[PDB]
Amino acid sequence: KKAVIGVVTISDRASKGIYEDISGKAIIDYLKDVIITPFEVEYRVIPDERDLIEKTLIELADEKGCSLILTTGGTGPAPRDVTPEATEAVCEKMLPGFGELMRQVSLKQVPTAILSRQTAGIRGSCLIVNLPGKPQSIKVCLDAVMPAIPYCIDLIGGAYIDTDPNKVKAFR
């Protein structure tokens, strides 16, 4: 099975071109830097429209065959922040451990980490994980959860992915 990783930036302003997407860039740069195995990327930038988020996640998993989808944006307390809701809506099983750890890690930086509603779940053979917005926060987040990602994908029947032990160790 070929590894295809989805990167979805959820932001009205970003989708309107009001500002450049440094978040999606940070995610792709991180993946290219740590993943040893071969893989393709399916990048998407969309406004925070609930239906568009769900339709986009489903397209990447079902039609593009992504084994992993990383989202960035729309995970705070504000009413328009519906990325977690969209994620739950397309997944059959949620993984509470992801949200717990990502908040734990963020707490080391700022107390507002408890306002994050980022989560993760499974849709078929695809793992979907909600990431933060800031490039630095994205890096710290992935260093924390990436070690468990390749194995999780193995368990749901997704493509094989491995990372550079000197960068981040994919625990198996």
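We number the residues from 1 along the sequence you see.
Of the two stretches examined, 37-45 and 124-132, the record assigns the greater average C-alpha temperature factor to 37-45. On average the C-alpha atoms of 133-141 have higher B-factors than those of the other stretch, with 133-141 and 49-57 being the two compared. The residue among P150, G24, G17, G157 whose C-alpha carries the highest B-factor in the deposited model is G17. Split the chain's modelled residues into thirds by C-alpha temperature factor. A170 is in the highest one. Looking at the C-alpha B-factors along this chain, the one for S116 belongs to the lowest third. When the CA B factors of the chain's modelled residues are split into thirds, the value for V8 lands in the lowest one.
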